[PDB]
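Shown next are two forms of a single protein chain, provided one at a time as structure tokens under the names structure 1 and structure 2.
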Structure 1
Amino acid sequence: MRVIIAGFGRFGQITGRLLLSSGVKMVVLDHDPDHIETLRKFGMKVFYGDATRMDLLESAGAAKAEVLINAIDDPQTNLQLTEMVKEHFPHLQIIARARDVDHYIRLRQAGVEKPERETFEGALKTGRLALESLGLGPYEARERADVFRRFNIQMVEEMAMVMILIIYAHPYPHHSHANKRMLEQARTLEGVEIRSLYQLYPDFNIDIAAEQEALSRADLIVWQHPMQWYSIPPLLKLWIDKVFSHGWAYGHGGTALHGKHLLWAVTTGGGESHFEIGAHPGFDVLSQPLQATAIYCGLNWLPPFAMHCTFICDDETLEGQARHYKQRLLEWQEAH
């Protein structure tokens, strides 16, 4: 229906099995009598022949499909398919396997956004296993692989070619009601940049230098998120831990944030009264770790923006609250 997979070897099988687990229906283009049994069990419609055939492509539903996964092993065949689909089926999104760097480059030049070098991530994993058996902790080792990946991707992309900042930290931005409205409203302003952490770093691999650059340009920084267990989401905590670095956000020479302002914009399921609990009751006390973090780094902490009772929230209330968020924002701009 929405998905076509070309090639059902080792690579296509795992990609297909992951989609099938997530409830996605697909058809397969394959031409290996060896895969007949695998295909039988897999239980999807099969088009048996060369994927480069226009007739098989059309009968597979290419003119209506959203995504083609090009899992073809042979670079020449893999590229020929890519070129055919680009020419004949302009709305069909190509996700491609690449054999190696030369193949990756040719795919990039054919307009595939992020071709996946078939052994790359396996090889990085193997590197981490070696690091761990040499005595490195698994997390430090994964971080080292993350740094190398970013570097390597930047190098191969070069070979191929050859003021408000909202730090948004909802884990499921597509599923958001309250925060999503707040952001729609904020974008109607100017000099607003939005960085959605769970969209940028689903693998919890923050690019510190990219984050520091954006902060450098901002006058007001906003930490916007749904409250989770009286606190913030894991990825926002990671962002603080990584981005607010020694010699940059604090410590000797760490003055990059001095003079800037910070707003906490948080949504909660409960209402004010729910926070009257424990030794230090009241919603305002929960701002403490954040305010302490901001102050330590030389930021000016603003009165938080807080939207309560999203659990029982009227759509009329969701709107007025979102517009007051924009209003807080506008008012800060006019003062600065």
Structure 2
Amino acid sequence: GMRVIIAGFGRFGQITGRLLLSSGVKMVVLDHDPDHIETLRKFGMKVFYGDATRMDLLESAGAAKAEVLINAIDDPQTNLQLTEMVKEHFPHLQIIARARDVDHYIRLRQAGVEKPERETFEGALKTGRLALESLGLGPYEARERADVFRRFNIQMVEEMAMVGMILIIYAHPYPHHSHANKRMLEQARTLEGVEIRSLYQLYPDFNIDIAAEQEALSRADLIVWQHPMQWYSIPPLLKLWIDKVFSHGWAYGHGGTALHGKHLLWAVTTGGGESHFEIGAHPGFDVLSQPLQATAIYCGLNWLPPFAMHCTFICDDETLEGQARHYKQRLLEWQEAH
């Protein structure tokens, strides 16, 4: 109220709330514990007293208009009650819900909540990482092990609840803020046989699913690395995706022939024109492709001449559109030639 209602403002709701408050989000918060209300007021937090399962209190908190309801109620039965009421009466109100445990998670999934958050799960993973670190594992390797286990465990719990092809690897860190690439992708979508995988949408925590990515690469004939140039090179997540996905025994080495015969296009946008690259011992835009070409060739790919969209610092929306067209044109040309 205006945009978010938070039901329950104990330890869980408080942290969700304060994160949202930091971002300027306007909210209305309900909690049924009078002592919790007191302490929150001591810290200058505005919180309303009542049972969030009461329809009258939800309506006066603005449920008919709100965009998101955070269900931070601890008790499974009440938490589920709230979720079922909201689903029934407020069909546009997106519910993001805490789950006490796996049984509660399954129930919430079945009520139609997309990604219920088991309240101790991420804390218990962190504690596991700390135990690994104390036993002498490097923190990064320990984080990676926790990532593998999380992916495995979510798959398991999800199963319990149930019970001329072009692949564009897009790596813009801020897709919603893009002008040049966003337009390029709009134009590329109008083609047939184009899949787009936006790495920063898929893997905001830098935990690549190698098996998923290798499957998508299997189905592709042209692979495209599309991104804004950053510091004469590529974004961090794309470098991570290469390091992980182009794996020993798959992309290279004995038996690693998965990419043989496929083609790779570098599609990059820059803030300067060709003039900006006349610096250092090996000047010129084309020299910057070397590490990417070498990667591609090592793994048995065919490197295509890059598509380079120059001058974005000093460019208009007209020319941003002309270059988006040249991009679609490049891709179409590839497809017809194939």
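Basically, rigid core = biggest C-alpha set you can superpose within 1.5 Å across the two forms. Structure 1's sequence is the ruler for residue numbers, which start at 1. Residues that one form lacks are left out of the comparison.
Among the candidates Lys45, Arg53, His274, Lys64, the CA atom that moves 2 angstroms or more between the two structures after core superposition belongs to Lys45 alone. Here the rigid core is superposed, and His35 then shows its C-alpha moved by 1.4 angstrom between the two structures.
Listed alone, the one run of 3 or more residues present in both forms whose C-alphas shift by at least 2 angstroms between the two structures, with the core superposed, is 37-47.
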